[PDB]
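Trainee: Here it is, the structure, as structure tokens.
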Amino acid sequence: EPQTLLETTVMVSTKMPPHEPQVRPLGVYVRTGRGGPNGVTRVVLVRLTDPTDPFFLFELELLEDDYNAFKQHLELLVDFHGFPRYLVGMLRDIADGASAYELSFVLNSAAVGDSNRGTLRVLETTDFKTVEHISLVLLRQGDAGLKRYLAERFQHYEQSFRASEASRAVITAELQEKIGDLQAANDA
Amino acid sequence: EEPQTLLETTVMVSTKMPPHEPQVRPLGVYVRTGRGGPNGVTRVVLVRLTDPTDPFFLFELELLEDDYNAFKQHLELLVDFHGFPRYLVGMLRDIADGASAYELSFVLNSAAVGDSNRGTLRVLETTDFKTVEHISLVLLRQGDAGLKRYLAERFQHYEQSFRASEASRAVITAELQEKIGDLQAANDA
Amino acid sequence: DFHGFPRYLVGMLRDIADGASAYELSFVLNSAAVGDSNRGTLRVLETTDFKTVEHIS
């Protein structure tokens with residue numbers, strides 16, 4: 001049953017205090033599926049990546065059971081099913097340029113190697129002030145987890161490359177064979 | 001004079017995790033000369049062994065030109081540092097291509113890949129009398145940091161190669177569809 | 001700036017009192033009775049389908 005609701009790139013204001021923030025394009029991947037202690041809990045996963053840096057991998061994994069606390073702390077007004085649906089709605093809207101909002105990501109230290117987390121925020125600028133719409137703490141991944149990520153994406157695109165070899169090979173042949181039919185129609 | 005992949009292919013290898021019974025698997029073999037070492041200006045030979053069915057199966061022997069004389073004496077080799085990878089690869093390519101009578105073997109120092117930190121790679125000749133060993137190389141399993149680079153490297157590679165095949169498909173799918181519409185109208189005439 | 005803060009604050013609150021605002025006012029004390037409290041948090045809240053969005057505190 002797992003399902004990716006969003007997988008795209010978006011400019012994000014990343015900040016490693018006390019350094020000055022700087023805008024980078026970042027990957028956003030959001031996927032629902034199954035996990036937890038006994039592997040039968042519904043999960044929502046939020047994943048943040050940097051195409052310019054393979055080790056830049058921050059994730060929030062949310063188990064359905066922990067959600068009531070989550071909904072309360074963040075004052076959400078949707079159930080576990082709508083949360084990732086609205087989150088990607090909000091984020092995709094920003095990435096699409098249809099949003100007045102901007103994306104921000106603040107790490108808990110001045111360097112990436114010493115950080116273990118970041119707070120990703122959806123921010124609105126008004127004349128009065130920046131208004132915060134949502135806040136999520138994302139944890140930086142551990143190596144073993146990370147190896148899987150790379151290895152996962154490694155295996156993924158290797159297949160996808162081969163698949164395009166198959167598509168190129170079949171369609172090259174169909175339409176190349178079509179020249180010969182329509183060559184005889186020209187002869188007519 | 002400049003770095004070079006001398007070999008990058010797949011070949012059947014007899015893999016053995018003692019005390020378990022050996023088993024034959026297809027393994028990746030990559031052999032590359034280039035620059036490396038303590039000060040990064042030493043000529044190196046790299047031998048890399050992989051398993052397409054297993055991303056963590058990543059074993060390497062890295063050899064520095066400074067270290068080679070010991071290597072040469074110990075293994076009773078009769079070529080210099082420059083010829084060694086050409087002949088190693090000569091031998092391996094002969095095997096992968098099927099032109100060799102020889103076989104490949106890889107024996108781990110433990111019962112699981114997870115518990116190993118090394119393996120011995122051997123080129124073996126079967127005779128009526130006995131197995132005759134032609135060469136043996138110990139390869140070390142990589143530390144996490146090394147491996148993450150390998151995966152990330154291969155990650156970025158095939159992501160691009162995929163993108164390129166979309167471009168190639170786009171070229172051929174679009175032109176040839178454009179040709180169908182032209183000559184389909186020529187049939188209509 | 002300091003000059004605008006009360007203008008926008010009052011802008012926001014006055015907007016609410018007149019009924020021209022979509023926003024609501026909230027006040028949460030640090031205890032269960034007024035006699036034991038010494039403070040409260042006053043918030044301007046926006047209701048969305050997704051969540052309450054806080055505008056000022």
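Going by the structure tokens order, chains are called A, B, ..., each with residues numbered from 1, while ligands are numbered from 1 in the order shown.
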For the interface of chain A with chain B (cut-off 8 Å, counting only C-alpha atoms), please tabulate each contacting residue of chain A alongside its nearest pair of atoms and their separation in Å to one decimal, rows sorted by chain and increasing number, as a Markdown table.
Mentor:
| residue | atom | partner | partner_atom | distance |
| --- | --- | --- | --- | --- |
| A:54 | CA | B:152 | CA | 6.2 |
| A:143 | CA | B:144 | CA | 7.2 |
| A:144 | CA | B:144 | CA | 7.9 |
| A:146 | CA | B:148 | CA | 7.8 |
| A:147 | CA | B:148 | CA | 5.8 |
| A:150 | CA | B:151 | CA | 5.6 |
| A:151 | CA | B:151 | CA | 5.6 |
| A:153 | CA | B:155 | CA | 6.1 |
| A:154 | CA | B:155 | CA | 4.1 |
| A:155 | CA | B:155 | CA | 7.7 |
| A:157 | CA | B:159 | CA | 5.3 |
| A:158 | CA | B:158 | CA | 5.3 |
| A:160 | CA | B:162 | CA | 6.2 |
| A:161 | CA | B:162 | CA | 4.3 |
| A:162 | CA | B:162 | CA | 7.9 |
| A:164 | CA | B:165 | CA | 5.8 |
| A:165 | CA | B:165 | CA | 6.9 |
| A:167 | CA | B:169 | CA | 7.5 |
| A:168 | CA | B:169 | CA | 5.3 |
| A:171 | CA | B:173 | CA | 6.8 |
| A:172 | CA | B:172 | CA | 6.6 |
| A:175 | CA | B:176 | CA | 5.8 |
| A:176 | CA | B:176 | CA | 7.3 |
| A:178 | CA | B:180 | CA | 7.1 |
| A:179 | CA | B:180 | CA | 7.3 |
| A:182 | CA | B:183 | CA | 5.6 |
| A:183 | CA | B:183 | CA | 7.6 |
| A:185 | CA | B:187 | CA | 5.0 |
| A:186 | CA | B:186 | CA | 6.3 |
| A:188 | CA | B:187 | CA | 7.9 |
Trainee: Could you list, as a compact mmCIF listing (two decimals) with N, CA and C atoms, in the first residue's frame, every residue within 6 Å of segment 51-57 of chain C, counting only C-alpha atoms and ignoring same-chain residues fewer than 4 positions away?
Mentor:
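Result saved to out.txt:
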# COMPACT_ATOMS: atom_id res chain seq x y z
N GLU A 75 -1.44 22.20 16.91
CA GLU A 75 -2.80 22.71 16.71
C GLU A 75 -3.37 22.44 15.32
N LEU A 76 -3.20 21.20 14.85
CA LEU A 76 -3.72 20.78 13.55
C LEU A 76 -5.22 20.49 13.67
N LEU A 77 -5.93 20.57 12.55
CA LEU A 77 -7.37 20.41 12.55
C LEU A 77 -7.79 19.33 11.55
N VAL A 131 4.60 35.52 9.42
CA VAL A 131 3.62 34.68 10.10
C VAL A 131 3.85 33.20 9.84
N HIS A 133 3.07 29.43 9.52
CA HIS A 133 1.98 28.51 9.23
C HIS A 133 2.17 27.09 9.73
N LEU C 42 -2.04 36.03 25.18
CA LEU C 42 -3.06 36.55 24.27
C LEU C 42 -2.66 36.28 22.83
N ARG C 43 -3.54 35.62 22.08
CA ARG C 43 -3.21 35.22 20.71
C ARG C 43 -4.26 35.65 19.69
N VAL C 44 -3.76 36.05 18.52
CA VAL C 44 -4.59 36.25 17.34
C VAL C 44 -4.48 35.05 16.43
N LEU C 45 -5.61 34.35 16.28
CA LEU C 45 -5.63 33.05 15.62
C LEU C 45 -6.43 33.10 14.33
N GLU C 46 -5.88 32.42 13.33
CA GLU C 46 -6.53 32.20 12.05
C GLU C 46 -6.92 30.73 11.94
N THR C 47 -8.18 30.48 11.63
CA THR C 47 -8.61 29.12 11.34
C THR C 47 -8.48 28.81 9.86
Trainee: Quick one: residues within 12 Å of residue 1 of chain B, only C-alpha atoms counted, chain neighbours fewer than 3 positions away excluded, as a PyMOL selection string?
Mentor: chain B and resi 4+33-35+41-44+82
Trainee: Between atom CA of residue 31 of chain B and atom CA of residue 12 of chain B, what is the spacing in Å?
Mentor: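 Rounded to one decimal, the two atoms are 16.0 Å apart.
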Trainee: If we count only C-alpha atoms, what is near residue 30 of chain A at a cut-off of 10 Å, once residues fewer than 3 positions away on the same chain are taken out, given as an MDAnalysis selection string?
Mentor: chainID A and resid 3:8 44:48 59:61 84:85 87:88
Trainee: Atom CA of residue 40 of chain C and atom CA of residue 25 of chain C are how many Å apart?
Mentor: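 Going from atom CA of residue 40 of chain C over to atom CA of residue 25 of chain C, I get 12.7 Å.
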Trainee: Using only C-alpha atoms for the distances, tell me which of A:138, A:110, A:94, A:74 is nearest to chain C.
Mentor: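 Among the listed residues, the smallest separation from chain C belongs to A:74.
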Trainee: Name the residues of segment 76-139 of chain A that come out as strand (DSSP E) in a backbone DSSP run; write them as a list in words.
Mentor: residues 102, 103, 104, 105, 106, 107, 117, 118, 119, 120, 121, 122, 123, 124, 125, 130, 131, 132, 133, 134, 135, 136, 137, 138 and 139 of chain A
Trainee: Could you list, as a PyMOL selection string, the residues of chain A having an atom within 12 Å of chain C when counting only C-alpha atoms?
Mentor: chain A and resi 70-90+122-135
Trainee: Write to file, as a short mmCIF file (atom, residue, chain, number, x, y, z; two decimals), in the first residue's frame, the residues of the selection just made, with N, CA and C atoms.
Mentor:
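This is the output file again39.cif:
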data_model
loop_
_atom_site.label_atom_id
_atom_site.label_comp_id
_atom_site.auth_asym_id
_atom_site.auth_seq_id
_atom_site.Cartn_x
_atom_site.Cartn_y
_atom_site.Cartn_z
N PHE A 70 1.02 15.05 18.36
CA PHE A 70 1.44 15.86 17.23
C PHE A 70 0.38 16.90 16.86
N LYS A 71 -0.86 16.45 16.73
CA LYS A 71 -1.97 17.32 16.36
C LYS A 71 -2.18 18.43 17.39
N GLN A 72 -2.02 18.07 18.66
CA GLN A 72 -2.15 19.01 19.77
C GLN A 72 -1.03 20.02 19.88
N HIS A 73 0.20 19.54 19.77
CA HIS A 73 1.36 20.41 19.90
C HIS A 73 1.33 21.43 18.77
N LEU A 74 0.89 21.00 17.58
CA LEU A 74 0.91 21.89 16.43
C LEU A 74 -0.43 22.53 16.12
N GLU A 75 -1.44 22.20 16.91
CA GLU A 75 -2.80 22.71 16.71
C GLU A 75 -3.37 22.44 15.32
N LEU A 76 -3.20 21.20 14.85
CA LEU A 76 -3.72 20.78 13.55
C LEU A 76 -5.22 20.49 13.67
N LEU A 77 -5.93 20.57 12.55
CA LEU A 77 -7.37 20.41 12.55
C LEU A 77 -7.79 19.33 11.55
N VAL A 78 -6.83 18.49 11.17
CA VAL A 78 -7.13 17.34 10.33
C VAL A 78 -6.64 16.05 10.99
N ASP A 79 -7.14 14.92 10.49
CA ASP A 79 -6.76 13.61 11.00
C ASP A 79 -5.46 13.14 10.36
N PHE A 80 -5.02 11.94 10.73
CA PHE A 80 -3.74 11.41 10.29
C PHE A 80 -3.73 11.33 8.76
N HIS A 81 -4.89 11.03 8.17
CA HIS A 81 -4.98 10.90 6.72
C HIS A 81 -4.84 12.21 5.95
N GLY A 82 -5.41 13.28 6.49
CA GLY A 82 -5.30 14.57 5.82
C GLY A 82 -3.99 15.29 6.02
N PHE A 83 -3.28 14.98 7.10
CA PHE A 83 -2.10 15.77 7.45
C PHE A 83 -1.08 15.74 6.30
N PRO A 84 -0.67 14.53 5.84
CA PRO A 84 0.30 14.56 4.73
C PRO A 84 -0.31 15.11 3.44
N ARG A 85 -1.63 15.06 3.33
CA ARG A 85 -2.31 15.52 2.13
C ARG A 85 -2.29 17.03 2.07
N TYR A 86 -2.55 17.67 3.20
CA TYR A 86 -2.46 19.12 3.30
C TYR A 86 -1.02 19.61 3.33
N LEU A 87 -0.13 18.86 3.99
CA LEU A 87 1.27 19.26 4.03
C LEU A 87 1.82 19.34 2.61
N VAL A 88 1.54 18.33 1.79
CA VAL A 88 2.13 18.32 0.46
C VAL A 88 1.41 19.38 -0.37
N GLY A 89 0.12 19.55 -0.12
CA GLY A 89 -0.66 20.62 -0.72
C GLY A 89 0.01 21.97 -0.53
N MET A 90 0.37 22.25 0.72
CA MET A 90 1.00 23.51 1.08
C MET A 90 2.37 23.63 0.42
N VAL A 122 7.09 26.75 7.12
CA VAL A 122 6.39 27.49 6.07
C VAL A 122 5.99 28.87 6.57
N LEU A 123 6.60 29.88 5.97
CA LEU A 123 6.51 31.25 6.46
C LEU A 123 5.79 32.18 5.48
N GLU A 124 4.95 33.04 6.04
CA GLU A 124 4.28 34.10 5.30
C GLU A 124 4.84 35.47 5.68
N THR A 125 5.26 36.25 4.69
CA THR A 125 5.64 37.63 4.95
C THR A 125 4.44 38.58 4.78
N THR A 126 4.20 39.39 5.81
CA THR A 126 3.22 40.46 5.76
C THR A 126 3.91 41.78 6.04
N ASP A 127 3.18 42.88 5.90
CA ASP A 127 3.76 44.17 6.19
C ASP A 127 4.13 44.20 7.68
N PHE A 128 3.26 43.64 8.52
CA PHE A 128 3.50 43.64 9.96
C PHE A 128 4.66 42.73 10.39
N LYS A 129 4.66 41.51 9.86
CA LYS A 129 5.56 40.48 10.37
C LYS A 129 5.57 39.21 9.52
N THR A 130 6.58 38.37 9.73
CA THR A 130 6.53 37.00 9.24
C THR A 130 5.52 36.22 10.08
N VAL A 131 4.60 35.52 9.42
CA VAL A 131 3.62 34.68 10.10
C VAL A 131 3.85 33.20 9.84
N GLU A 132 4.04 32.44 10.91
CA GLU A 132 4.37 31.02 10.78
C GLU A 132 3.10 30.19 10.61
N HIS A 133 3.07 29.43 9.52
CA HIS A 133 1.98 28.51 9.23
C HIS A 133 2.17 27.09 9.73
N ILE A 134 3.39 26.56 9.64
CA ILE A 134 3.66 25.25 10.25
C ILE A 134 5.15 25.02 10.55
N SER A 135 5.39 24.16 11.54
CA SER A 135 6.74 23.85 11.99
C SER A 135 6.89 22.36 12.27
#
Trainee: As an exercise, work out the distance from atom CA of residue 120 of chain B to atom CA of residue 108 of chain B in Å and give it to one decimal place.
Mentor: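 Separation between atom CA of residue 120 of chain B and atom CA of residue 108 of chain B: 6.4 Å.
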Trainee: Could you pull out the alpha helix (DSSP H) residues of chain C from DSSP and send them as a count of residues only?
Mentor: 13
